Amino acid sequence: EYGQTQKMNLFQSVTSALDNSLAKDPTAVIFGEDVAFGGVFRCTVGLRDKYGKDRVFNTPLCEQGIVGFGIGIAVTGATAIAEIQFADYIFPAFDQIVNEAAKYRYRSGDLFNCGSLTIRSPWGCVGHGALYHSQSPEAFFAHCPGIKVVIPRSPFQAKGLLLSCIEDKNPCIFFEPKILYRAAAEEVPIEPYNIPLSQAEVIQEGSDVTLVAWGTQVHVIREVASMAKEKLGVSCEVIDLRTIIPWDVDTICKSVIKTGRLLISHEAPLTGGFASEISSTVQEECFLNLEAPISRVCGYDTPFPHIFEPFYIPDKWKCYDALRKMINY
């Protein structure tokens, strides 16, 4: 399909995406904290040697500066790939993201833009990250018209989505599930390829219930589908959302019209989480097809704990138990 592949884990697939970008786009630069030596998760290894210190470089330790700086680069039309070291530390930049980057094109009547900005940041739980190296901030950004928010589930997905973000003419936040950085490898094309934004992927067809998730949680619901099939004889349609905003309403609604049941799951806390937007929209569009209430199996409404992580996360047992009750409603 896409030419020669090689086995890559998720960090390697990110490096590949970035390499392909710098090779084909002479304007492109990569910057942030500790990116020059290869990054704290290895995502930029080799790139400074290959492309030059003016193109892959460290900034001072200042997230609001990193994002404001990126926006400025993008204002001149040059591709700006900013790194925020953990998604938990994106908040100092929230004003630059929400008040500036998202609104730049609209407020100027398209006289100026920062479409060539991409912000990439490690995301999601990691077993022992506690409050500040575990967060999933996507719902915070979902309430901001003018930015795109994109989350891959695998190395092949990560490279194609990140290439799309870098090339998309809108400021994009790309969240990389850090627990996958060195998890299992899969085959990833060496040359550039794109996966479309705002497009969900049905990864397993099913007829009794629709399951929706993104990031690492996709692998959880895939396992839940298997458990449901084996233990309940229930056929689950498993969907990776991929883009948080603008999201693929049509693919989700089509599935729920078919199955009549929907369970959405994410690591982020329940209240104000992105499952709420999907549930309310599906309810509006698929009301007459709903056999049971839409279920949300999410993180609890607490900060993300250190020692209690195994009890906090919406794991396969929590998802399975919710599904069992919904099938029985």
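Sequential numbering from 1, following the sequence displayed.
Chemist: Do the C-alpha atoms of 230-238 or of 193-201 have the higher average B factor in the entry?
Modeler: Per the deposited B-factors, the answer is 230-238.
Chemist: May I ask you to compare 239-247 and 180-188 by their mean CA B factor in the entry and name the higher one?
Modeler: Result of the comparison: 180-188.
Chemist: At the C-alpha atoms, which of 66, 294, 278, 298 reaches the highest B-factor in this entry?
Modeler: Highest CA B-factor of the listed options: 294.
Chemist: Consider only the C-alpha atoms of the modelled residues in this chain, order them by B-factor as the entry records it, and name the third containing residue 284: lowest, middle or highest.
Modeler: Answer is highest: the recorded C-alpha B-factor places it there.
Chemist: Compare the C-alpha B factor of residue 24 with those of the other modelled residues in its chain, then answer lowest, middle or highest third.
Modeler: Residue 24: CA B-factor falls in the highest third of its chain.
Chemist: Taking the entry's C-alpha B-factors for this chain, is residue 128 in the lowest, middle or highest third?
Modeler: Highest third.
Chemist: What third of the chain does residue 51 rank in for C-alpha temperature factor, lowest, middle or highest?
Modeler: It belongs to the highest third of the chain when residues are ordered by C-alpha B-factor.
Chemist: Ordered by C-alpha B-factor within the chain, which third holds residue 84? Give me lowest, middle or highest, please.
Modeler: Tercile = lowest for this residue's CA B-factor.
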